[PDB]
Amino acid sequence: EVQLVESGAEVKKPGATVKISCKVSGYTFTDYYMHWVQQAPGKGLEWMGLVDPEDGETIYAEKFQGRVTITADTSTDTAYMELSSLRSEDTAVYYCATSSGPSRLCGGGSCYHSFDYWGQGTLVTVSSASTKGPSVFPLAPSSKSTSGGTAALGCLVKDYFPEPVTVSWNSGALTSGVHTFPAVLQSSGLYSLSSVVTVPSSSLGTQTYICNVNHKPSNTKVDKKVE
Amino acid sequence: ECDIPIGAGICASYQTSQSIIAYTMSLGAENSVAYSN
Amino acid sequence: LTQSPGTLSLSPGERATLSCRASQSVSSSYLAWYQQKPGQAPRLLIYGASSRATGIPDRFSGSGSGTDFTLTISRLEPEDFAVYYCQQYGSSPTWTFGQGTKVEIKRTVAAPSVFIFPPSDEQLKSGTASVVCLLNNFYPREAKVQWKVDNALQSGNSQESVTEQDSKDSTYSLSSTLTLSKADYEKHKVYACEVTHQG
């Protein structure tokens, strides 16, 4: 019913400035506050500020004031947030949200402000790095690969930037026992991750294993064989 | 132990998320005294 | 805001209570509560310190007084396994959120199966090493991991151990990676990993 529709994700150097957007649909935009909320990966929610689209008045958390600024446009049905003097700590989600129901349409009547509807949460990534494709290396347990050891074969995917890496196994035909561990940002400024096939070479589908890795930003493709 | 008395052996208290509970009051811990001749 | 316990991990089907607490910086009606699954936008559960939003199950219940407030979940479901946030109005200027209590509700109890991986020919010919130790099929995420050669290498500034992944196997999993020079694979005659779990 109510729709908040943000910008796509952004990638920046420290010291830069970025602008984020949030289109409104399904409701009369003029009547509502629009709010902006941060979330760093695995941390809590954090309110940054709000705008009244009916005249452009605005309020901020004093923690983000002067770095952040917020603006609105009733011709494009859209709110916008600018974050300036960026840092690595700004590597986070930035949602738009109503805390607003002039009528709490499809949700209630009274609003109590209370953060009723949310946009999809635009990512901003801040690093000293620049666009680069992954290395991929094979993994088999113990000193050389072994018969029982076929049960845990994998890859390490190393030093790519920005996101996303995408991974599949045996040209996308193997999904039984496939597993992936969370990606981590290395001290290099670039991401890394690992993945495994948790099943031994007892079948024609497991006699050999392939880490098929594709990094979208580079257009890099790799079909790494594990033995 | 009886906290707030309701009557007919019922008492009530604020206790464990804490809520008002209502219970038959306990007169004391039981004790079988170790008597022999 | 204070929110407690920092994770709430009781069995499904029970009654379980989250708490949200504050200084006198905030006002008594304007508490609210939210659900977030991994990577999702938050969903408004409770407002008015006690009212459910429309389309939220009657088994959720908010209550409180002064600056001590609560959300009781009842008849718990696996769909509740998420981070849960309270929030409250800072009387007039500002919006303040709670900790994000992870509803890590009881799945299984298990110690880790473990696999250990030395460096490999492509990695070494690329001028690098990274030793890998993998843990899976465990609950809770009570895990501790240590690297050895075969004495100790856990002091290495290049060691890493990523956050845990939950699974359809009703259990957590995790990985440690010990990135190194190829000259460390030339130096050390053996590599090993040791694990502590359930306490």
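Think of each number as a place in line: the chain as shown, counted from 1.
Heads up, header says this was done by electron microscopy, 3.0 Å.
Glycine is no exception: its Cβ is also placed from the backbone N, Cα and C atoms.
Cross-referencing B:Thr16, B:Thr24 with Swiss-Prot, the residue annotated as O-linked glycosylation site turns out to be B:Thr16.
When the recorded positions B:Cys2, B:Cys11, B:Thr16 are ranked by how far their Cα is from the Cα of B:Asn37 (N-linked glycosylation site), B:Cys2 comes first. Across the structure, B:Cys2 (disulfide bond) and B:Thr16 (O-linked glycosylation site) place their CA atoms 15 angstrom apart.
Each of the glycosylation sites B:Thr16, B:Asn37 was scored by other CB atoms within 10 A of its CB, and the lowest score goes to B:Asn37. In sequence order, B:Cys2, B:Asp3, B:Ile4, B:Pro5, B:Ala22, B:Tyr23, B:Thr24, B:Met25 constitute the residues six or more apart from B:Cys11 (disulfide bond) in its chain with CB-CB distances below 8 Å. According to DSSP, B:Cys11 (disulfide bond) is assigned to a strand segment.
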